[PDB]
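Below is one structure; the comments refer to it alone.
Positions of Cβ are backbone-derived with ideal geometry, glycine not excepted, and every protein chain shown enters the neighbour counts. The numbers here are math on the coordinates, done by the rules we state, and not lab data.
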Amino acid sequence: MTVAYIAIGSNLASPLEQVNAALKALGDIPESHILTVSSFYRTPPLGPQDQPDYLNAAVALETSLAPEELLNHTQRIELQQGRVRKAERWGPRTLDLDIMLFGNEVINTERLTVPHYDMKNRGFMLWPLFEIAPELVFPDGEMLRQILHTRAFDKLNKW
Ligand SMILES: Nc1ncnc2c1ncn2[C@@H]1O[C@H](COP(=O)(O)CP(=O)(O)OP(=O)(O)O)[C@@H](O)[C@H]1O
Ligand SMILES: N#Cc1ccc(CSc2nc3c(=O)[nH]c(N)nc3[nH]2)cc1
Ligand SMILES: [Ca+2]
Ligand SMILES: [Ca+2]
Ligand SMILES: [Ca+2]
Ligand SMILES: [Ca+2]
Ligand SMILES: [Cl-]
Ligand SMILES: [Cl-]
Ligand SMILES: [Cl-]
């Protein structure tokens, strides 16, 4: 078993409903069990700002799936919750499931890059992660607590 950490985001079609539905679906992923769910946070959109606020959260998922097998399921869940691809980069979405970490693994396949390439710069990923895994150490040895102690991130507000 490996513990994967998954970021959840939603800013369309009732984000609270989307995220609660996603938690049920995450539980139904085979060879896998949810260990921990963060609080839900209402976060201002970063990147394009002409969209509704996000609900962001994080979950710890213990799994014996291969990393790309886990991605298969997270993509399936997004699609089954009505995620539609539009032309605009970083457009709003019903559900976004990013694999932040897969144990201590460093993965670089065509479909999957882990750790998530930008997570160390995103409070909306790091704060919910710290809530569920305050002792976390990244594959490069960096400590989550040290990043959050040192780097300026805006305080998150709960949903
Ligand atoms: N760690 C990871 N988690 C989820 N998908 C990943 C991933 N690494 C690579 N991908 C790939 O990322 C592709 C595009 O996903 P998108 O959801 O459109 C990017 P996004 O989440 O909107 O922006 P972001 O990656 O800047 O957070 C997926 O089709 C998947 O193959
Ligand atoms: N700066 C910056 C920046 C940060 C993230 C992104 C990816 S698109 C995106 N996803 C999210 C998300 O889940 N939450 C919030 N609050 N903003 C987002 N923006 C693009 C640019
Ligand atoms: Ca399961
Ligand atoms: Ca826009
Ligand atoms: Ca994302
Ligand atoms: Ca994504
Ligand atoms: Cl809602
Ligand atoms: Cl969508
Ligand atoms: Cl790392």
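Being within 16 Å of ligand 4 (Cβ to nearest atom) and farther than 16 Å from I6 by Cβ is the filter here, so list the residues in the range 54-90 that pass it. Scanning the range 54-90 gives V84, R85, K86, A87, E88, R89, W90. Filtering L46, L23, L55 for residues that are within 29 Å of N157 (Cα to Cα) and without any contact (Cβ under 8 Å) to a residue 60 or more places away in the chain leaves a single hit, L23. Residues in the range 26-36 that are touching a helix residue (DSSP H, G or I) at 6+ places or on another chain (Cβ under 9 Å) and either under 19 Å from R122 (Cβ atoms) or surrounded by fewer than 18 Cβ atoms within 10 Å (Cβ to Cβ) (or both): 7 in all. Counting the residues of the range 23-45 that are part of a loop (DSSP other than H, G, I, E, B) and away from ligand 3 (no atom under 12 Å from the Cβ) gives 5. Filtered by the rule that a residue be surrounded by fewer than 20 Cβ atoms within 10 Å (Cβ to Cβ), under 23 Å from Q49 (Cβ atoms) and either over 11 Å from the mean Cα position of the chain (by Cα) or among the hydrophobic types (A, V, I, L, M, F, W, C) (or both), the range 93-118 gives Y117, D118.
In this structure, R122 does satisfy being within 16 Å of ligand 9 (Cβ to nearest atom), within 22 Å of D50 (Cβ to Cβ) and under 17 Å from the mean Cα position of the chain (by Cα).
One residue stands out in the range 1-22 among those that are within 16 Å of ligand 3 (Cβ to nearest atom), surrounded by 14 or more Cβ atoms within 10 Å (Cβ to Cβ) and of a type outside the set (S, T, Y): the one that is nearest to the chain's Cα centre (by Cα), namely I6. Every condition in (1) surrounded by 14 or more Cβ atoms within 10 Å (Cβ to Cβ); (2) more than 15 Å from ligand 5 (Cβ to nearest atom); (3) aliphatic (A, V, I, L, M) holds for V84 except the one numbered (1). Scan the range 72-90 for residues that are more than 12 Å from ligand 8 (Cβ to nearest atom), part of a loop (DSSP other than H, G, I, E, B) and without any contact (Cβ under 8 Å) to a residue 40 or more places away in the chain and jot them down. Scanning the range 72-90 gives a single hit, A87. Taken over the range 91-121, residues that are within 20 Å of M1 (Cβ to Cβ), out of contact with any strand residue (DSSP E or B) (no Cβ under 6 Å at 6 or more places or on another chain) and touching a residue at least 40 places away in the same chain (Cβ under 8 Å) amount to 2.
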